[PDB]
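A.B. asks: Be aware that the sequence shown starts at 1207, since it is given in the working numbering, and climbs by one per residue.
C-beta atoms are modelled at their ideal positions from N, C-alpha and C, and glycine is treated no differently.
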Amino acid sequence: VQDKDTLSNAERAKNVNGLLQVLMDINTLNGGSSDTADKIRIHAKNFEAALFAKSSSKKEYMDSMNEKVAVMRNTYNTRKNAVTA
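#1: When DSSP labels each residue in this structure, what does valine 1207 get in the three-state scheme?
#2: What residue from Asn1252, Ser1262, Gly1238 and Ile1246 has the CA that sits closest to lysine 1210's CA?
#3: Tell me the residue span of the alpha helix (DSSP H) that contains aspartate 1244.
#4: On the premise that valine 1275 lies in contact with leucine 1225, defined as a C-beta separation below 8 Å, what is that separation, rounded to the nearest angstrom?
#5: Given a cut-off of 8 Å on the beta-carbon distance, is the pair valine 1228 and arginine 1285 in contact?
Structure representation (structure tokens):
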């Protein structure tokens, strides 16, 4: 649009990197572990493509990924919390 369309490659490497770390975190906790690489691969890729393609602006893009990682990462520490506790 104006800021989301003028985005650089940095946001791409960061968005995926962050999403992968989170997605893989919950996917590794009890999402498969072995098939994780595959899950996070398609999940992250499809995610970045969804938030980016649906990105309405620089604020919508960051809020999109930040939301997916916040919810995913949270479920990882929340679900594992009881397991470790």
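C.D. replies: Answer, in terms of the structure:
#1: If you number the sequence shown from 1, residue 1207 lands on position 1. If DSSP states are grouped into helix, strand and coil, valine 1207 belongs with coil.
#2: Within the sequence shown, residue 1210 is the residue found at index 4, counting from 1. Here the closest residue by C-alpha is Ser1262.
#3: As a working mapping, residue 1244 is identified with position 38 in the sequence shown. First-last of the alpha helix (DSSP H) with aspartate 1244: 1242 to 1259.
#4: Residue 1225 sits at position 19 when you count from the first residue of the sequence shown. Residue 1275 sits at position 69 when you count from the first residue of the sequence shown. Rounded, the Cβ-Cβ distance is 6 Å, consistent with contact.
#5: Position 22 of the sequence shown, counted from the first residue, corresponds to residue 1228. Position 79 of the sequence shown, counted from the first residue, corresponds to residue 1285. No; because the gap between Cβ atoms is not below 8 Å, this pair is not in contact.
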